[PDB]
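this one's structure only:
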């Protein structure tokens with residue numbers, strides 16, 4: 001319960017860019033994908 005992966009807002013973002021969590025960075029708390037991670041991919045893409 002205290003170990004999520006994708007965030008509500010981010011899910012919308014990834015949905016916008018049409019990307020895959022497994023295809024983008026992720027360093028939250030317990031294996032996840034953060035908006036900052038999406039940024040890294042966005043900048044490195």
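That came in fine, so what should we check first? Numbers count the residues shown, from 1 in each chain.

give the contact list for the residue nearest to residue 33 when sequence neighbours are not counted.
The shortest distance from residue 33 to any non-neighbouring residue, by C-beta to C-beta, 6 or more residues apart in numbering, is to residue 26 (4.0 Å). C-beta here means a position set from N, CA and C on the backbone, and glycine is covered the same way. Counting by C-beta atoms under 8 Å, 6 or more residues apart in numbering, residue 26 makes contact with 5, 32, 33, 34, 37.

out of those, who's the most crowded?
When neighbours are counted by other C-beta atoms under 10 Å, residue 33 leads the contacts of residue 26 with 25 neighbours.

verify the stated contact: that residue with residue 24.
Yes: counting by C-beta atoms under 8 Å, residue 24 is a contact partner of residue 33 at 6.1 Å.

which neighbours do these two share?
residue 14.

for the residue nearest to residue 33, helix, strand, or coil?
Look at residue 26: counting by DSSP: H, G, I helix; E, B strand; the rest coil, its state is coil.

from residue 45, how far out is it?
Distance of residue 26 to residue 45, computed by C-beta to C-beta, to the nearest Å: 15 Å.

contacting residues around stretch 1-13?
14, 21, 26, 28, 29, 30, 31, 32, 33, 34, 35, 38.

quick check: end-to-end length of that stretch?
Length of stretch 1-13, first residue to last, C-alpha to C-alpha, to the nearest Å: 23 Å.

now for residue 33: which residues touch it?
Shown in contact with residue 33 (C-beta under 8 Å, 6+ apart): 5, 6, 7, 10, 14, 21, 24, 25, 26.
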